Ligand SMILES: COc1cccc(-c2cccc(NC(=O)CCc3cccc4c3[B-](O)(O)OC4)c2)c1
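The data below hold one chain only, encoded as structure tokens and taken in the form solved without the ligand.
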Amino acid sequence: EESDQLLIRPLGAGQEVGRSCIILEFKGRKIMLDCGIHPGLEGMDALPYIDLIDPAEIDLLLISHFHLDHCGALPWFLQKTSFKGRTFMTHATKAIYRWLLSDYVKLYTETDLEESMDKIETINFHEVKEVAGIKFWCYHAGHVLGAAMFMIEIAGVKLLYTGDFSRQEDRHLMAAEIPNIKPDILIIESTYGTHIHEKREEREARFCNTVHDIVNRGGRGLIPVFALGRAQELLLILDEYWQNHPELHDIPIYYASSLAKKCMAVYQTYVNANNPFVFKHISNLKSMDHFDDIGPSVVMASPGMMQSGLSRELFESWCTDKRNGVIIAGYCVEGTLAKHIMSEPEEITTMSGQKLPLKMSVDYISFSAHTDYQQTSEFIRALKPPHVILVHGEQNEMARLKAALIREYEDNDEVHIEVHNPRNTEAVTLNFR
């Protein structure tokens, strides 16, 4: 009566948000889940601790979605490394992939990015694929277009990895599915910890009212967002709000990003995963040089964290006027300017090194689309995994989620469950007969 030991260990996103990269080890098989970069770090430190292993022993690599913290390091791993296994991702994911990293570059060069394309295989949702002795398939994760939750089976043992997911339907995205096939192990995100913020209807109303308030008092409203993802949802909301308020029809809304033309084009190519994306009050803006910053307006510009680029340029030219305002709609990662601002600093530092007073208003209305405790608990209750591994949340939020889940099952339902809280590099060991 033998027993096989399964090993799970994060090289990134272990007790943190950023650079997701988790290694699975079972019966001679080695799997890597995601391969992104930490938005709050730079250089080689923004990468996961891949040095703890050698890329030549990794049979399979699965990427959940196109966000940089999940695939930002892929080109590097596929070119400048000794990796020779197979890599898979959703069709939409790969599509939106080539157009996201490029905008990010302007680690790896646009050449390294192209040399990657051919090393990445695609997979449809609900379709079994097999590599080495590994069977895998994916379910819709909600969150962003093409996002997936990968189920993996090896020797009868099943593990579901959620990547980032949302159980609440968007204005254009479907809610994550709850698989009927029960996993032995669940690796799940913990971004929001146990925090349960306003409902969608409330968040949208507050978002519109804040934007309205800013332009009404004569200010410019800045909304940092990466080219594709949540930005598309915000645009639908704004265009619709403007349509219902003609007094705003003379106030321009701009969608600014490099190649924003293909961003919408390629994005609509996958309507499968009236055309609302035919905006009547929004226009594309290529860069600061094509912008006549004349009067009040609203500008949605990347990068989402204002670490640099246009959103940062705009913020720097607008932060000293009380009439202006910025709305942060995404999860703020440590080390990020967007995160810092929300501290109410008296002044900020220009990329040049200048010091400017922060007078423009700063509002945080989250549209990052991650599950919350209620969704996560319901998710876990339906799947009933004996083992749960948390992997994409700040230390304290993750700790709170873990204690809440343990309390819910051990104390309340008086049922046995095991929740793991691995730090980067820390391994989790499980034995299957």
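The term rigid core refers to the maximal set of C-alpha atoms that superpose within 1.5 Å between the two forms. For every residue, the number given is its place in the sequence shown, counted from 1. Residues that one form lacks are left out of the comparison.
- Modelled in this chain, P276 is nonetheless unresolved in at least one third of the other entries of the protein that span it on both sides.
- When the other compared entries with both flanking residues are checked, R206 is modelled in all of them, not unmodelled in a third.
- Coordinates are lacking for 4 to 9 deposited residues between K106 and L107.
- The modelled chain is continuous from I341 to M342, with every intervening residue of the deposited sequence accounted for.
- Between 12-20 and 414-422, it is 414-422 that carries the larger average Cα temperature factor according to the deposited entry.
- On average the C-alpha atoms of 329-337 have higher B-factors than those of the other stretch, with 329-337 and 207-215 being the two compared.
- In this entry, the residue among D69, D45, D372, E394 with the greatest C-alpha B factor is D45.
- When the C-alpha B-factors of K355, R167, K158, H91 are read from the PDB record, the largest value belongs to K355.
- Per the deposited record, the Cα B-factor of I380 falls in the lowest third when ranked against the other modelled residues of its chain.
- Per the PDB record, residue ranking by Cα B-factor puts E189 in the lowest third of the chain.
- Per the deposited record, the Cα B-factor of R323 falls in the lowest third when ranked against the other modelled residues of its chain.
- In this PDB entry, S257 carries a Cα temperature factor that places it within the highest third of its chain's modelled residues.
- Ranked against the other modelled residues of its chain, the C-alpha B-factor of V128 as given in the entry falls in the middle third.
Missing here is the form deposited with the ligand bound; even so, the following discussion is about that form.
- When the ligand is considered in the entry with it bound, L62 lies well away from it, no heavy atom lying within 4.5 Å.
- For the chain shown alone, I380 is not a contact residue for the ligand in the entry with it bound, no non-hydrogen atom being within 4.5 angstroms.
- In the entry with it bound, the ligand stays beyond 4.5 Å of every heavy atom belonging to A13.
- In the entry with it bound, the ligand lies farther than 4.5 Å from every heavy atom of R220.
- Stretch-level contact analysis of 52-60, 33-41, 400-408, 381-389 against the ligand in the entry with it bound, using heavy atoms and a 4.5 Å limit, identifies 33-41.
- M305 is the sole member of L74, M305, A148, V326 with a non-hydrogen atom lying within 4.5 angstroms of the ligand in the entry with it bound.
- This chain appears without its partner; in the entry with it bound, the one residue of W242, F226, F136, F88 with a heavy atom within 4.5 Å of the ligand is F226.
- In the entry with it bound, the residues of 68-98 lying within 4.5 Å of the ligand by at least one heavy atom are, in order, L68, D69, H70.
- In the entry with it bound, the CA atoms of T376 and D413 move farther apart by at least 3 angstroms compared with the shown structure.
- Figure legend: C-alpha atoms of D413 and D164, shown here, are separated by at least 3 angstroms more in the entry with it bound.
- In sequence order, there is only one run of at least 3 consecutive residues whose Cα atoms each shift by 2 Å or more between the shown form and the other one, relative to the superposed core, and it is 411-415.
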